[PDB]
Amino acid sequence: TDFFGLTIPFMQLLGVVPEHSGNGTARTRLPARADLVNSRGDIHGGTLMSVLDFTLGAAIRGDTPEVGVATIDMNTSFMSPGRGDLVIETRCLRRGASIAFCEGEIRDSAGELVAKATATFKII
């Protein structure tokens, strides 16, 4: 599978679908699967942090795909339980020669806020 110009075994396991990236943003979609679920039947937070990580970075190497990106730190807030196909949109807040700052949110089909995250990246 092609994830924004890169192969990623774990993202292929999660079945996430890359939709867009460019102009400092990126959009990913997470289809529902009983595999990715919580102990309460909700989409596991780990699952959300995974696709969010992917998407967060893609908002950097979408304006510049020749660039290498590595997550330094990432903060996630879980607002409400995720269920059914989700959509992840991220946005790059500031980009430098070495460091880039990003953010994003996960929303359900009903447009409600499932989770929000912000991260720091090392631009290789």
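Each residue number is its position in the shown sequence, starting from 1.
Problem - Greater mean Cα temperature factor according to the PDB record, 46-54 or 62-70 - result: Result of the comparison: 62-70.
Problem - Entry-level comparison of average CA B-factors, 16-24 and 100-108, reporting the higher stretch - result: Going by the record's values, the stretch with the higher mean is 16-24.
Problem - Position of residue 40 among the chain's modelled residues by C-alpha B-factor, lowest, middle or highest third - result: It falls in the middle third of the chain.
Practice task
Please rank the C-alpha B-factors of the chain's modelled residues and tell me whether residue 29 sits in the lowest, middle or highest third.
Solution key: Residue 29: CA B-factor falls in the middle third of its chain.
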